[PDB]
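Summary of structural features
The lines below spell out each chain.
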Amino acid sequence: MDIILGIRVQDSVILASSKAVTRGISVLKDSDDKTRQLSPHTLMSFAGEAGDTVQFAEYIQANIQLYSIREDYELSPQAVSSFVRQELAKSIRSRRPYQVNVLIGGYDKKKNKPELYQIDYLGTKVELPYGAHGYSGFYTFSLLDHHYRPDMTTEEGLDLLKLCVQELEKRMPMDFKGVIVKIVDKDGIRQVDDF
Amino acid sequence: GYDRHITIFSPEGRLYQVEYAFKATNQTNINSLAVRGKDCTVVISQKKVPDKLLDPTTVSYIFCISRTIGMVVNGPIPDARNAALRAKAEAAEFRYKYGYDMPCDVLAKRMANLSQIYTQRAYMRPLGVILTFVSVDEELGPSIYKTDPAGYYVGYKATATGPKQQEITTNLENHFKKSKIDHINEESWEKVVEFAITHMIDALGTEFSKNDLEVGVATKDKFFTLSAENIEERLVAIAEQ
Amino acid sequence: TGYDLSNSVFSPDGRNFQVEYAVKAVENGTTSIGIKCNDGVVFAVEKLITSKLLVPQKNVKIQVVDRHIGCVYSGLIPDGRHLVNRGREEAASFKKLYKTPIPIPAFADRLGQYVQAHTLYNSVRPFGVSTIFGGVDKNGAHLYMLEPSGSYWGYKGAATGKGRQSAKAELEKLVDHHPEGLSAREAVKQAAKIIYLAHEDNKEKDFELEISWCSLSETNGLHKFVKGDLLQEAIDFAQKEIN
Amino acid sequence: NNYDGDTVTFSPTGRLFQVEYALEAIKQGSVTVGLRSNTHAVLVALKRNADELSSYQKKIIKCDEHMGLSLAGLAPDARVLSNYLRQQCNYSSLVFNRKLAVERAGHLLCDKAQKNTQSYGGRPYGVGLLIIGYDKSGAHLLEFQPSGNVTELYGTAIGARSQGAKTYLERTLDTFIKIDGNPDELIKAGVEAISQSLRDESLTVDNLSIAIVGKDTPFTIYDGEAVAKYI
Amino acid sequence: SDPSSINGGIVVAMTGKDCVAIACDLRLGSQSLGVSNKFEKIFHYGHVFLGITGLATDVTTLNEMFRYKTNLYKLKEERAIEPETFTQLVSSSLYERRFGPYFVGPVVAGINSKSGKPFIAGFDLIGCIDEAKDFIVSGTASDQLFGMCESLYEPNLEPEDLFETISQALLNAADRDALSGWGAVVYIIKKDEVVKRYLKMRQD
Amino acid sequence: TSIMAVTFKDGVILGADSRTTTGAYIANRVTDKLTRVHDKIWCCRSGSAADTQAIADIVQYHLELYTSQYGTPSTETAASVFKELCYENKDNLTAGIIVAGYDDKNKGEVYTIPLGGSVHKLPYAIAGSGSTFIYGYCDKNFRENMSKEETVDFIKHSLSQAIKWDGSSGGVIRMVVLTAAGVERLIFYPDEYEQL
Amino acid sequence: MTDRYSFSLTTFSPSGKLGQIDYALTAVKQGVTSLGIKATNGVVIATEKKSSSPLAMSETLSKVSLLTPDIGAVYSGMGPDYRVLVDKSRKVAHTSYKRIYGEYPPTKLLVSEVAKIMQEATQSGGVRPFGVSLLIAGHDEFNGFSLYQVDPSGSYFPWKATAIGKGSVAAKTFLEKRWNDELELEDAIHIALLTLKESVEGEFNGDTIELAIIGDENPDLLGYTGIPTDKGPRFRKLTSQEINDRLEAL
Amino acid sequence: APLX
Amino acid sequence: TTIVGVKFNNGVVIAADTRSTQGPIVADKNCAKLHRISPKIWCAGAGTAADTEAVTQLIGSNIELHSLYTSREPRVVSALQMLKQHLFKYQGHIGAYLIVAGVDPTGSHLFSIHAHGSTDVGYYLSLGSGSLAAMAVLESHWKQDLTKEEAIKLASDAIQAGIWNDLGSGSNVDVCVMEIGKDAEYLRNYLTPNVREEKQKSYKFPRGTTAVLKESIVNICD
Amino acid sequence: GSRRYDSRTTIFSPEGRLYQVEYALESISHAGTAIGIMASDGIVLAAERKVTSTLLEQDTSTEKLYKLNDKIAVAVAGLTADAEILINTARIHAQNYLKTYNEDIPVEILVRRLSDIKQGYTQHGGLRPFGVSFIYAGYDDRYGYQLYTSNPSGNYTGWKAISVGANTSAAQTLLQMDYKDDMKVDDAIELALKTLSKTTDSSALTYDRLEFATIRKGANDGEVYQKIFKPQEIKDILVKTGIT
Ligand SMILES: [Cl-]
Ligand SMILES: [Cl-]
Ligand SMILES: [Cl-]
Ligand SMILES: [Mg+2]
Ligand SMILES: [Mg+2]
Ligand SMILES: [Mg+2]
Ligand SMILES: [Mg+2]
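Residues numbered from 1 in each chain as written, not as in the entry; some residues may be left out. Chains lettered and ligands numbered in written order. Part of a larger assembly, values for the part shown. Heavy atoms only, no water. Residues with missing side-chain atoms left out of burial classes, pairs and counts.

A few words now on the overall build of chain F. Scanning chain F for helices and strands turns up five helices and twelve strands. Its C-alpha atoms give chain F a radius of gyration of 16 Å, near enough to 16 Å, the size a compact globule of 196 residues would have. Reported as C-alpha extents along the three principal axes, the dimensions of chain F are approximately 50 × 40 × 25 Å. Split into buried and exposed, the 196 residues of chain F put 58% on the buried side. Sequence separation of 24 or more characterises 60% of the internal contacts of chain F that already satisfy a separation of 6 or more. As presented, chain F carries roughly 8100 Å² of accessible surface, and 49% of it is formed by carbon and sulfur atoms. One way to put it: in chain F the 19 positive side-chain charges average out to a point 2 Å from where the 24 negative ones average out. (Helix = DSSP H or I, 4+ residues; strand = E, 2+ residues; numbered from the N terminus. Rg over C-alpha atoms; globule rule 2.2 N^0.38 Å. Buried < 20%, exposed > 50% of the residue type's maximum accessible area, 1.4 Å probe, protein only. Contact = heavy atoms within 4.5 Å. Areas by Shrake-Rupley, 256 points an atom, 1.4 Å probe, with all protein chains shown as cover. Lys, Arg positive; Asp, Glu negative; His and termini not counted. Charge placed at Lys NZ, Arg CZ, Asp CG, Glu CD.)

A few words now on the pattern of salt bridges. Considering all chains together, one arrives at 97 salt bridges over all chains under this definition. Salt-bridge contacts for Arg110(B) lead to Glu90(B); the nearest nitrogen and oxygen are separated by 3.1 Å. You can see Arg110(B) sitting in helix α3 (residues 104-120) and its partner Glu90(B) sitting in helix α2 (residues 77-98), a full 20 residues away along the chain. The exposure class assigned to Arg110(B) is partly exposed, which follows from its relative accessible area of 26%. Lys196(E) serves as the salt-bridge partner of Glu40(E), at 3.2 Å between the closest nitrogen and oxygen. Of this pair, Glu40(E) sits in the loop between β4 (33-36) and β5 (42-45) while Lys196(E) sits in strand β12 (residues 193-199), placing them 156 residues apart in sequence. For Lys196(E), a relative accessible area of 13% puts it in the buried group. Members of the salt-bridge network, linked through shared partners, are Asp105(B), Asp137(B), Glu138(B), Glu139(B), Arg72(I) and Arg75(I). (Salt bridge = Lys/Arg side-chain N within 4 Å of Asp/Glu carboxyl O.)

Right, let's get into the interface of chain A and chain E. Counting residues at the interface gives 13 residues for chain A, matched by 17 residues for chain E. Around 1200 Å² of area is buried between chain A and chain E when both sides are counted, 58% of it from carbon and sulfur atoms. Our enumeration of links across chain A and chain E arrives at two salt bridges. A salt bridge links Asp58(E) to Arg93(A); its shortest N-O distance comes to 2.8 Å. Taken together, the links from chain A to chain E amount to seven residue pairs in polar contact. At the level of elements, α2 (77-91), β9 (125-127) and α3 (137-147) of chain A are the ones that each hand at least two residues to the side of chain A that touches chain E. Within the side of chain A that touches chain E, the residues separate by chemical class into six nonpolar, four polar and three charged. (Buried area = accessible area lost by both parts, 1.4 Å probe. Polar contact = N/O pair within 3.5 Å; in protein donor to acceptor, adjacent residues only side chain to side chain. Nonpolar A, V, L, I, M, F, W, Y, C, P; charged D, E, K, R; others polar.)

Moving on to a positive patch on the surface. A cluster of basic residues, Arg121(B), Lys88(G), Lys91(G) and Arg99(G), forms a positive patch at the surface. Given a relative accessible area of 42%, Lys88(G) falls into the partly exposed group. (Patch = residues over 30% accessible without salt bridge, like charges linked within 9 Å, V, L, I, M, F, W, Y side chains within 5 Å.)

With that settled, the discussion passes to the UniProt feature "active site" in chain F. Mapped onto this numbering, the UniProt entry gives "active site" at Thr1(F). Engagement of the side chain of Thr1(F) in a polar contact is seen with the side chain of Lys33(F), the distance being 3.0 Å. (UniProt positions renumbered as here; feature names shortened; annotations may be inferred.)

Residue and element names in this part refer to chain E. Coordination of the magnesium ion (ligand 5) by the protein involves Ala174 (O), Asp177 (O) and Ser180 (O), with metal-donor separations of 2.4 to 2.7 Å. Here the donor residues of the magnesium ion (ligand 5) are spaced in sequence according to A-x2-D-x2-S. Of the residues examined, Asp177 reaches a relative accessible area of 13% and is grouped as buried. (Donors = N, O, S within 2.8 Å, 3.2 Å for Na, K, Ca; no water.)

What follows is the structure, given as structure tokens:
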């Protein structure tokens with residue numbers, strides 16, 4: 001785990017997540033996909049404590065998929081984010097809390113608008129034009145404060161994202177082995193293979 | 001007709017199990033009486049020991065619930081003792097929780113509430129007993145409060161219970177019509193006990209030896225029962241007048 | 001009707017027929033007695049010898065509770081054992097909390113409330129035993145008899161089982177002829193006689209006599225079984241009286 | 001009639017019909033015999049089959065090294081009760097380093113059976129047991145009935161036609177009680193006892209079941225060719 | 001790792017002549033890192049306003065909880081909850097979590113629709129009601145707010161004047177606190193009109 | 001605290017100081033540490049004020065319920081109920097209690113129950129922080145079968161010394177006399193006992 | 001042992017009747033008459049004190065009960081059932097309202113809680129319904145004065161005026177002729193006494209009649225002074241003497 | 001806390 | 001906090017200051033520390049503010065139900081017993097330090113309760129951070145057979161000692177007098193010796209001083 | 001034991017019917033009629049009060065029509081006490097959903113859960129079923145205006161127009177006759193009142209024996225308003241259609 005980023009542009013939400021899985025002094029994997037599709041137009045990336053992350057992600061995925069089958073309907077990104085927040089808000093006062101931070105990128109088909117939600121392990125939710133978890137934010141937020149515009153295209157968003165990854169690869173102590181980038185828009189979720 | 005077996009309503013809105021519990025009340029064939037003085041409350045009850053092999057000292061239907069509260073029961077002894085043990089426990093708990101002695105009327109209400117539950121809940125049968133509680137309450141003074149299997153309870157100027165209760169009741173009514181007051185205008189409890197026995201003799205039309213009666217007396221800060229010789233002393237005083 | 005089919009149901013008389021039916025089981029059982037004496041109590045019971053194959057002296061029916069109380073019963077023997085097991089639990093918790101061994105009147109009410117509780121619900125059956133019990137405490141000797149309804153009183157003498165009326169009549173004579181009191185050793189002898197006299201009501205099978213006693217002077221206030229010379233002496237006294 | 005719907009109901013004459021019906025299941029069961037001397041105690045049991053293709057239902061169960069029983073009636077109920085006895089014998093060993101007295105074993109079974117005769121929902125046990133054992137007071141034989149009644153005896157028998165063996169043992173009492181220090185003769189007496197309960201069938205090699213416990217003999221069961229000696 | 005100062009934020013309430021004002025900053029951070037400048041801390045249920053400072057997850061949770069409870073109240077009672085009644089509901093709810101409390105500093109503000117009386121109140125994290133004629137303060141710059149309010153406040157201010165006083169109290173308090181600021185919102189509340197104003201403040 | 005109970009010819013007398021402490025501050029200078037659990041069974045309380053009050057209240061309740069069913073409890077029985085509470089809750093209690101009562105059969109009896117919840121029947125008992133300073137004095141001066149006046153003087157002189165040396169003890173000396181005659185309360189003020 | 005009655009004792013019959021509720025209502029019919037009348041500035045509730053014996057002190061048995069300082073209750077049917085309902089009703093006013101909101105519940109909501117308790121006795125395992133109908137009179141700031149009837153089923157209805165029990169049919173007809181929307185509290189008390197005389201047979205005085213009002217605040221009955229907002233209970237039980245004064249100008 |  | 005209780009001829013009086021603090025800061029300059037348990041039973045509370053209010057209300061609620069159940073006026077010893085057993089159960093974690101006082105059919109009463117559940121009896125008591133300043137005054141001026149007006153004077157003087165000498169206490173003096181046979185009289189702000197002086201200047205701003213980015217009407221209606 | 005007195009409320013008949021459910025429906029058929037009619041621009045709820053007395057307080061009364069949330073209401077037919085138990089559960093369920101998802105609960109989800117509770121009482125627990133039938137009227141942004149009904153079996157279905165309680169057979173025939181899809185709210189109001197007026201067991205339909213409610217988008221722009229009619233408003237609407 002470690003680096004997860006999110007950028008909401010005019011017509012889409014872009015999530016970038018690091019590929020490294022490190023344990024001790026060994027990088028065990030350099031192609032890890034730190035994300036789960038919750039519904040056709042909703043994607044969740046995650047970072048935090050080992051084991052907890054995937055266990056939480058898949059648990060949420062199962063619940064949203066269950067809802068989709070029951071109602072024959074897709075929950076809005078706002079509705080999914082609120083469900084996720086409540087689960088984390090419950091968790092923080094449990095015997096053993098989920099130590100998982102998430103970003104939720106979704107496209108609301110009723111509003112025809114992209115939406116990005118940042119939720120930490122405490123259950124602290126905010127809707128943002130761009131988001132980050134962990135030490136990543138200490139570089140990317142100021143960078144995006146400068147270069148981000150609300151009317152950008154998906155391509156402009158990807159170039160803006162390249163600028164963030166380059167900065168992280170320059171100034172971050174750890175080798176996070178690049179990122180997997182995924183786009184969420186009106187047509188659903190797709191992965192950029194060459195980043 | 002299973003509506004007569006458990007405590008549910010019959011078509012005419014009655015509870016037959018409660019009514020039959022009232023009939024169990026007279027199974028012992030014993031009559032009790034309670035009156036109030038100025039300073040005291042006296043309760044008397046018949047004592048019938050038919051078997052010669054019985055230890056007469058252990059045959060009793062009067063109970064010391066607390067230091068201040070006494071209780072006489074009309075009904076079978078197993079149910080009587082069940083009620084007595086519960087009353088003792090309730091009175092003790094009340095004192096511990098609330099820091100003062102449980103009043104006679106409050107205990108009566110509590111036991112009446114318990115009885116009410118048995119008339120509404122199916123798995124519990126009513127107790128076939130009528131409970132007469134007596135004391136000298138520190139706020140209300142001399143007190144008589146009586147409970148039945150229906151869960152009914154009320155305070156009394158005086159009262160009687162048993163097979164020949166009506167004869168005793170009217171006898172007492174006619175006295176209070178005459179005296180024009182709510183109690184026995186007497187200083188000592190000894191003479192209030194004498195009044196109680198005298199009017200029971202008149203109403204029932206029987207004479208009593210020392211072993212035919214049972215007497216409980218409530219005064220300020222204690223309730224106590226009388227011995228055979230205490231009653232004999234009392235019987236002699238009535239005869240010499 | 002149908003009032004007698006379920007326990008805890010009042011009949012139109014105000015009676016619990018199920019308890020009265022349990023009394024019939026007690027009346028069917030063998031004879032047991034209790035005699036109160038000067039400084040203690042004596043218990044005796046009739047043991048029907050069904051067959052030669054029964055080992056003599058080895059099917060003991062009288063039971064001790066704590067170290068100072070004896071219990072005997074007539075009717076359904078297993079029901080009696082259940083009651084004694086409860087008695088032993090009640091006595092143990094009393095001694096645990098209050099240190100002193102449970103007084104007999106206190107113990108009597110513990111059994112009484114427990115048996116009475118088995119007349120309150122239709123999900124339990126009343127006890128099919130009448131229990132004669134007692135012992136010695138700080139206030140002297142006490143004898144009690146407890147019935148299926150939960151009713152109990154103190155007794156000068158007590159009897160239950162198939163030969164209860166014969167035994168009661170014999171007990172009443174002792175109370176009349178000994179107003180000052182009966183001694184412990186005398187009460188043992190009398191207990192034997194009364195069981196032998198009460199055996200006339202169960203005389204197909206011959207029987208085995210079993211006696212126990214608690215006495216302040218003779219047994220030091222503890223429950224003991226009468227055995228050996230004292231038992232044979234009591235048997236001989238009884239044998240002489242029937243002839 | 002109207003009073004046999006459950007165990008919690010007394011009849012007007014003070015009978016428990018469900019307990020009596022449980023007693024009836026024992027009478028239908030195959031005969032088993034118990035007898036003892038002063039040194040040994042012996043169980044003999046006639047086993048029953050479904051047909052010629054089936055096995056013969058095992059009647060005898062070991063409870064400890066010094067105790068065991070034979071059954072007549074519902075076999076699963078015997079399994080429950082024997083398992084309870086195994087645990088009680090075992091509790092006595094682990095906690096007190098003490099072999100459970102055969103008399104206490106009887107008291108424990110009585111109280112377990114009794115509880116099933118006084119509560120709603122449950123049913124009585126439908127099996128009778130003959131418990132033998134050797135403890136600190138010598139050899140013992142007990143008879144368990146699911147009414148709760150347990151009885152110590154020199155000898156006895158339960159099951160169908162058990163009256164024949166029970167009469168025989170009543171006659172032979174003075175003889176077999178003094179068969180001390182001789183296992184084979186005490187068994188012979190038990191095998192002759194159970195023979196008084198046979199009709200049209202005789203004791204074969206896969207039909208007879210014998211068990212013995214004593215002074216210098218752990219509770220052991222004999223089946224198959226090991227009982228050919230006694231036919 | 002002090003729950004009440006991880007996210008930062010402040011709320012202040014004031015009374016005037018036939019009116020009340022309640023204001024809050026917009027910052028949500030994670031210790032030094034500023035994360036959001038749109039995080040409003042004032043909510044309303046009918047005409048009753050509630051501001052909440054402290055741990056942001058509990059701020060959100062409690063808003064959702066009081067929306068829940070006031071909605072059921074209105075359905076059963078067939079009327080809107082009043083500030084005095086809502087104040088009691090907040091106190092009960094917080095004390096229910098006595099030994100595992102929400103790490104918050106709530107502030108009630110509103111006008112009783114029957115009597116017309118302006119009402120404000122404050123609470124600690126476990127429910128203790130703090131009623132005041134003048135002002136209530138809460139958050140990571142509460143010391144600063146106490147100082148500003150105590151000096152700037154005077155009774156019976158007109159709605160337009162009260163706006164200036166409460167705004168200057170919040171702004172100057174926020175600028176002396178690292179974890180507060182990043183924007184501000186002020187609610188001016190009259191008997192049957194409510195005006196909401198976003199303030200221009202320094203963004204550091 | 002300084003507390004004691006002393007058996008004598010006619011029965012038993014309980015004694016105590018009147019100081020409650022909250023650090024070096026005296027929260028109550030007129031405390032009553034001699035407490036009724038039954039008509040003629042009383043106790044001296046030392047240790048935690050809250051713990052000893054809660055225990056005494058529970059014991060009083062138990063003996064009141066005992067009396068309703070079985071009549072007057074023995075002093076031994078009362079001590080057994082104290083023990084049961086003190087022993088089973090030893091991890092959560094700070095209570096040093098002396099139990100003292102008068103039977104007509106057994107006369108005066110004293111049972112002391114220290115921190116662990118053990119029971120010790122003694123002719124006399126001393127307890128509380130101030131008791132340490134009078135072990136020597138009490139051992140040398142106690143005699144069995146003393147008179148009422150002698151026993152009162154013994155307790156007065158003993159607690160006077162305990163109070164003199166123990167900062168955690170002081171105020172008035174309260175005493176409760178338990179005999180066949182009844183229950184008598186005695187009080188002794190500083191001006192008397194200080195100059196002994 | 002243990003409550004094995006985990007099943008309903010009230011069930012639907014083929015015709016759709018709930019037998020035990022119907023039979024409970026029959027028990028209410030046998031009960032002594034009680035009534036309630038709502039005025040513009042108050043509410044009155046009244047009933048006959050049927051004495052079980054002349055030796056009994058009827059003052060110790062209260063048929064009209066205070067639930068909150070502004071809410072009172074009276075009944076017809078089984079007294080013991082009523083007594084425990086009053087206990088439960090007083091407690092639920094605190095547990096489910098006062099301990100949450102710091103104020104007493106409005107009449108309609110307390111009535112709603114009592115109704116719930118009575119509904120559960122109609123459906124839960126091993127219990128019979130309550131054999132009583134209640135009349136609950138009360139006041140609260142936002143609803144003013146109100147009067148409610150609660151039946152064994154758990155159903156409740158608001159009334160301008162009504163009667164329940166023995167002679168309720170005749171009493172309701174009497175109230176229809178006399179009731180208008182301009183009645184002052186004293187006029188409602190007068191009509192209550194007139195209506196009750198029809199159903200009462202024996203003695204008709206302040207010792208055989210029980211009557212309480214929900215009216216103005218009573219500062220003298222509060223027990224303390226110093227808090228301006230606390231002005232005292234609106235519930236007041238009329239004394240034996242106060243009833244007799246109104247029976248002369250009858 | 002209060003001690004004795 | 002400074003709180004006191006003083007017994008007199010025909011009843012009892014309690015008093016308290018009106019400062020509540022959070023660390024060194026004064027949150028309320030006029031809070032009410034005098035609580036009503038029942039009409040004629042009042043209590044003064046120091047320690048954790050939410051605990052004193054909550055425990056006072058809970059026992060007050062149960063006392064009301066008890067009063068209705070028993071058809072009797074509540075007794076001070078009942079409130080005392082219920083409070084102490086509640087507090088003892090929580091082993092001091094509920095930080096309520098109370099002075100309980102009132103009149104009932106038994107007479108007039110004055111008690112104190114500590115957080116761990118111990119109770120004391122007395123003719124004069126004081127609790128809170130200013131209890132030593134108050135107790136110094138009480139020990140100096142208290143006597144047997146005080147009149148009503150003397151007891152009020154003594155009580156308020158004891159509170160004033162706390163107000164002036166204890167930093168934890170300040171502002172005003174509240175009093176409640178509970179006399180036998182009469183209604184309890186709650187005297188809110190009986191003394192107000194700490195009135196703020198006139199400010200030197202008005203800090204009313206010229207309208208328009210505050211820079212504004214956005215305005216909008218808020219919808220409160222349905 | 002207690003077996004003797006068990007009615008066995010959750011068993012099948014030999015024909016495969018649930019006795020208690022059937023008998024609960026028989027009970028409901030004697031309750032006051034309630035009608036729901038769904039129009040393109042709103043929903044009407046109309047219900048007849050059970051034989052009224054002149055001394056009944058009519059304005060401060062609620063018997064038939066209850067509010068579940070701001071977007072959903074129900075008309076009741078059966079035992080009112082039973083209905084209030086279910087209504088409070090439904091009210092809580094709506095708030096749980098709003099708390100979880102920050103969106104108002106879709107109508108069907110609320111109806112399904114309430115119907116599932118009813119189902120449970122017919123399959124397990126040995127308790128009598130709820131003697132209640134609901135007409136649900138509500139709006140959400142997925143399906144818009146919706147009418148549902150549920151009954152003691154826990155079975156629910158959707159409708160354009162439906163009646164519950166007494167005389168449903170006659171009422172349904174009349175609704176089936178005059179209902180058409182392009183209908184407006186004001187027309188539906190008239191149809192509802194006309195149908196009750198003809199199916200009523202009373203002599204004449206008056207304002208004091210009716211409860212009435214509408215759910216329109218007749219607020220200001222893209223939002224829904226619930227109007228529970230006051231007595232005087234029912235009096236006026238009864239005159240406006242010429243019934244009185
Ligand atoms: Cl109760
Ligand atoms: Cl103390
Ligand atoms: Cl100490
Ligand atoms: Mg019942
Ligand atoms: Mg700042
Ligand atoms: Mg900065
Ligand atoms: Mg000193």
